[PDB]
Amino acid sequence: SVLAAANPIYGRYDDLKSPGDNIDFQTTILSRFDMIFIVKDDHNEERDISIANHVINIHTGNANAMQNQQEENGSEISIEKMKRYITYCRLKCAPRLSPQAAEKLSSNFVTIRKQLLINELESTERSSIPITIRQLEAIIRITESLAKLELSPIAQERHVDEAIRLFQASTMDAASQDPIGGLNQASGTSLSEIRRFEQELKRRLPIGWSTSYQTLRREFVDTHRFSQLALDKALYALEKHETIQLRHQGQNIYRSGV
Amino acid sequence: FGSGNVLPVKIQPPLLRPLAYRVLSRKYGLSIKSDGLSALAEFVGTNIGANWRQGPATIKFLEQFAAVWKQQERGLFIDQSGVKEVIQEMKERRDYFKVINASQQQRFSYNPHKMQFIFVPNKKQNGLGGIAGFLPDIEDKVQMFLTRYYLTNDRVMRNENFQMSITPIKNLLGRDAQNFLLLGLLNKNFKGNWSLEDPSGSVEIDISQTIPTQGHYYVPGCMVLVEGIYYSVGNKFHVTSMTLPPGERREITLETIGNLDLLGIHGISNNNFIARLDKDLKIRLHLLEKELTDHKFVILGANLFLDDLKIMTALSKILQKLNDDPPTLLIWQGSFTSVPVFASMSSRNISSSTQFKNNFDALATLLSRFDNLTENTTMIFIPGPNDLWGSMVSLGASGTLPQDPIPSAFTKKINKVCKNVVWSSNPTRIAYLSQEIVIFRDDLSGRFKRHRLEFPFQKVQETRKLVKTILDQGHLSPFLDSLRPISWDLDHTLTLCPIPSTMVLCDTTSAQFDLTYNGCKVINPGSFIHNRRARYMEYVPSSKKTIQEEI
Amino acid sequence: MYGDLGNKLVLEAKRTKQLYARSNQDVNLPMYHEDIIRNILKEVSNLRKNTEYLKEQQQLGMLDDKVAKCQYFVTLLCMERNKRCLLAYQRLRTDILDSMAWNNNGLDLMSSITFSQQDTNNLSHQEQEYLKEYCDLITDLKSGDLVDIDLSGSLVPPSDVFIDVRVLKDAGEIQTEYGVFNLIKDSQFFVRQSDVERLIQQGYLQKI
Amino acid sequence: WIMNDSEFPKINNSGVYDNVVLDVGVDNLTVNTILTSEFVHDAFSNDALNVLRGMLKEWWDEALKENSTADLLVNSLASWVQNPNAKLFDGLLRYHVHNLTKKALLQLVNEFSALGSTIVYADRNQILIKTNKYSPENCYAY
Amino acid sequence: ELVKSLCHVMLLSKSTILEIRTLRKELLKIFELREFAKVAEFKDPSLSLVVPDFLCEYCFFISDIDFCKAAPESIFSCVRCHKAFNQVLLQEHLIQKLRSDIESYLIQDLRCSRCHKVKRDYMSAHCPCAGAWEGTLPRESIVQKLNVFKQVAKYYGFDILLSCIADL
Amino acid sequence: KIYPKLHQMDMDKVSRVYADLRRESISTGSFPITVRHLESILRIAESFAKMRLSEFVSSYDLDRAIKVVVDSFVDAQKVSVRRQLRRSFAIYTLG
Ligand SMILES: [Zn+2]
Ligand SMILES: [Zn+2]
């Protein structure tokens, strides 16, 4: 098995630029990795204080005085015990899938492979992180690995859900970078239509009161101004923390600020 | 156990414990504690005269003491209660009926993997709850509708007719043809299009050429069986047929769930073990029909106004006749005020809460006259839309379904003038011997009529339609959280997986009826006063009813 | 073909037997297999329908008798195999239940205080009923002619008159024949073996 | 949501100020807000709003010409708006009035911000203003 | 507490920060405490319970009343004119506030812990993002709100609100 | 010979300094600050303890390390924001 670590070009991910201009690994090598984790810093104050306290406890000697206790009680095991458990599990068990697990996995593969088509058609450029049959076999392997922990002789939907969630956290998150704006040929008319629609919406709707997506579609599209990409325009306006809020199961669109 | 001997000589337990030990600890039972041993000295000393050299008496006493501990579960250690069980023994040498509110009802979850009900410990018993313990947790909001879907899908999959089978929605993502049987919530997407949703996923629905099965109601927020063809050029399930899940009788439903004492009057259940009982049901069905037709409990017409004078006079005339033959139970239902009571900023007039209090003080005067009705009748109080706490927020509108009883502060001396009075929530469960009755008060027909799917294509038929929808859906709220909010942890109160034997379903917007369906009886009291006529109906546990009118 | 599913059920039984065989202490039965059993029930019902259909199709006289005999025998044999598998599984589970019922000094098991060895929901309803009548049978055995002998007593021979014991769980004063034991936790007793057999069996004492 | 929104915004700029501070009291905010001024699903009807505006304008004009009843009506309109027990009461009307008053207060603070001064506090009845000058004796004209 | 509250008043200057912070450290040297100790930070001793828009019938005045910070002689009397209020009205308004708060908690919306977004499904386990559904109004806030009402109902004699608390 | 330790020290001051340095970097700055810069303050404190041939780090050494780290960050800014950043960071280095 291969465990690899690397940095992007320019050092940081530089979320302002395209994903293809940030990852120098070709599609040939990136298809052989079951899980890819893109790691970023969020610079939050609470997390920074928690990490600072955790790191200072390590240096001042307060680490060991805690750790042994948990390793004693019920929550941690030593390296040698975990090594012996790993070797016992690998030499004793080799689980198998159930008929319902295959049905749940096939639909997830179809969904995650459909999404890539819409993303590639919208961005009019090929995806840097690929989704292939190896990505289905990876989820199968993760399901069986999860089953291996409990020495279970069969893998079921309980393990399938966790494997799917891990795959969504690892690879689908990396694929779905969702660029706010790249100023490329894709959405070229949108470069002005975004401001046009923002002005039309902010003149129609004062700082109070709300509207609906149904009305904001029907009436603003009867004039043939539809672009099929306005789904994320509302979210981008929401990102300003003032223009748009979504409430009531996403039905209600509320004007909250300038 | 006998008396008349010379006198109760006092002796130390040291000379008594060997016999008790040999009889109890060795053979059957154990743990005769020191305090319990001292307690067991008094009763054996009551007849102490010429004993400890006698024959059977002491052995039979110990045998009888063992009888309680085989009968009752009790425990191991014998404590100062030892006299408390001998009180029961001397006791050995109607009842068993209760009214269960929404809050005090036991909670049961359902595990789809195990096809079985799991107990949920009540937070009130163990949790401190001194400041906030009634408040639910967010995880219930995520499982509120999943629990409904699991219960309905189990029943659908155990039906006789089905064995096409129901297919999960996401299993349709690659198919371009064929037929599928989809079961799920009918609702509207955030885009405004009709859609069907199951725990697996969701799909849009086309009604342009749908032919529904007439005979029931198709309101958003309820499970629907649907049939059609899926088109992958877009994402649309073109419907060709629509129906509702079939209903199940309680006799066939109980066998699947075993003999769980859900509304357990036989006993109670905890996290350790559950309770079942079958043999007592036959004898108590015998007792139900053992010439007990004298039992007579009466439901008044709903929505009676205390502030109105004519209503009070009519109620006095009705209680005049009720005094002659006192009903076994008398259920006063409906809103007790003709106007919602709210904060009432204007203090020039008397406050509306004080007016609410005063209107419950005239009841004492009108009721104190009829002494027999006080003496041998139990009254059950049902709230309404315009009562105190709800109207402070909803302002007369209908909101949360679990509605708390009327506060005891503003009604205090009606508990004195009357002997047996119980305040109960809006949905409640009367457990009478081998019978379960459900009390529910809201306007169902208006909300059904207002919200229908309206497919692009004698008044008593509407009553049958309403009954069939309510009974087949197995739930008293076939509506989304938008139309009526629901307390998250109390939703089990509103789910009728076992069909109740007798149903009280009052609706002022629907005419009175008396219908029978798969193992139940549905009655509709309503509109206490109508056309200058005041009506109230009688029902007997032997499945006969009467309507009594008094202009 | 038809019976190939039932074999799986038998396989499960084998695994349970291992847990019964490799058991230093008492164990709990796994979950019931009502879904597999219902599948065999469905397939044997289909076999019954097939036998009926063969009956009519033969009695209208369209088919040779020698031909019909073969499928008749096949259906009969498949039903017999399914019955055998189900009965073997049921008998193994019944034997384990009987062993536990005997190894709790009679008593009503789940209704009264239990040694927490088994969860309520593992057993089937019919198994729960069976356990109840079996416990009642043990009870009215113990009151038979052999009152003096405790038929639910210990099965290890007595060879030590005086033993040292240690209390595991706290409790109050308990009277015994001609004396009293005070069960203060983390305290040691030197007393005769006969007095404390009951308390050791119920987990309030340690060692022997 | 619209009947559960009765909270008003406030400004609470804290510190120690070595300049002069003015404590003004703004009365007639609601009536001034009313007199001054399809897609939206949470708004009151504009026609009835204009009818109310005309009613308030005529009432104010007659109240100016020594009319006691008109003055009483003008004073009691604000009480009438928020009372549910009063008939013709609409929650949308109350929300509309509150939302326009909220905008009016911010506009008034911005108008004060036009000249050299800084807001310290705002409570619909008290406004505290920080002046550029240093002595109270020199702010009579300003 | 006296030294902390005395230093906090001086600290609101924004122009003499260093001078005041040196004196604060020197004063905290008398005690055995360090300048950045958590025990040496100032927090507001009082909570707040504001009932908005109360009407004076004889004054026609809109006033917002806070039942925690405001001193007596102001809770039960109007500001412009010293006319006493009616107590049961105050209790009813407090009850209205409590029930409205409980309702608002019961009708809230869900969100993803990482994708700050609204849940648009009636039956789902988590976000399409690997995450979890959390609440827009956490339980701790409403618990604290129910806590403060109990103290307010006991310092002043409000029998109706005390009964309302115990019927929950 | 010497190996000083960090038994008694002010954790809150260091945590606040690290959080402030992290905040004032993305907002206006081009000097990368991570968890890797939190440990440098402790290393410099141990170095200043070594200079004195002491086996325990005191408050003076930690304060001096914080001052060195803060002065190394402030003086690598633009002339426009340097005066504001120096004033904002001046409360920590009171001595
Ligand atoms: Zn006043
Ligand atoms: Zn997410």
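Quick note: numbers on chain E are straight from Swiss-Prot, i.e. 2053-2220, in order.
Recorded method is electron microscopy, 3.4 Å.
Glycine too: its Cβ is placed from the backbone N, Cα and C atoms.
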For the feature motif 'CysB motif' as recorded in Swiss-Prot, pick the matching range from E:2146-2163, E:2164-2181.
E:2164-2181
Which of the binding-site residues E:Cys2111, E:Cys2133, E:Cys2164, E:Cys2179, E:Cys2181 have a Cβ lying under 8 Å from any Cβ of chain A?
E:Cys2181
Please list residues from the chain of E:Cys2133 (Zn(2+) binding site) whose Cβ is under 8 angstroms from its Cβ, counting only those at least six apart in sequence.
E:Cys2108, E:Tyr2110, E:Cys2111, E:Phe2113
Against which stretches of its own chain does the motif 'CysB motif' (E:2164-2181) lie, if we need a Cβ under 8 Å and a gap of at least six residues from its ends?
none
For E:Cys2167 ([4Fe-4S] cluster binding site), name the DSSP secondary structure in the helix/strand/coil scheme.
coil
Per-state residue totals over the zinc finger (E:2108-2133) - DSSP helix, strand, coil:
0 helix, 6 strand, 20 coil
Quick one: Cα separation, E:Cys2130 (Zn(2+) binding site) versus E:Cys2181 ([4Fe-4S] cluster binding site), in Å?
54
Tell me which residues of the chain lie with their Cβ under 8 angstroms from that of E:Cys2181 ([4Fe-4S] cluster binding site), as long as they are six or more apart in sequence?
E:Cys2164, E:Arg2166, E:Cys2167
Which binding-site residues, if any, among E:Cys2133, E:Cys2164, E:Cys2167, E:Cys2179, E:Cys2181 have a Cβ under 6 Å from ligand 2, given in order along the chain?
E:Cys2164, E:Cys2167, E:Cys2179, E:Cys2181
Listed binding-site residues are E:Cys2108, E:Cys2111, E:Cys2130, E:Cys2133, E:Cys2167, E:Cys2181; which sit with C-beta under 6 angstroms of ligand 1?
E:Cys2108, E:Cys2111, E:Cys2130, E:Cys2133
Residues near the Zn(2+) site, E:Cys2108, E:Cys2111, E:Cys2130, E:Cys2133 excluded, by Cβ within 8 Å of the Cβ center?
E:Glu2109, E:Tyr2110, E:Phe2112, E:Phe2113, E:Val2131, E:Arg2132, E:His2134, E:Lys2135
Which three-state DSSP class does E:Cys2179 ([4Fe-4S] cluster binding site) fall into?
coil
List the same-chain residues at least 6 positions away in sequence whose Cβ sits under 8 Å from the Cβ of E:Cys2179 ([4Fe-4S] cluster binding site), in sequence order, or say none.
E:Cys2164, E:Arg2166, E:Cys2167, E:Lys2169, E:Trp2185
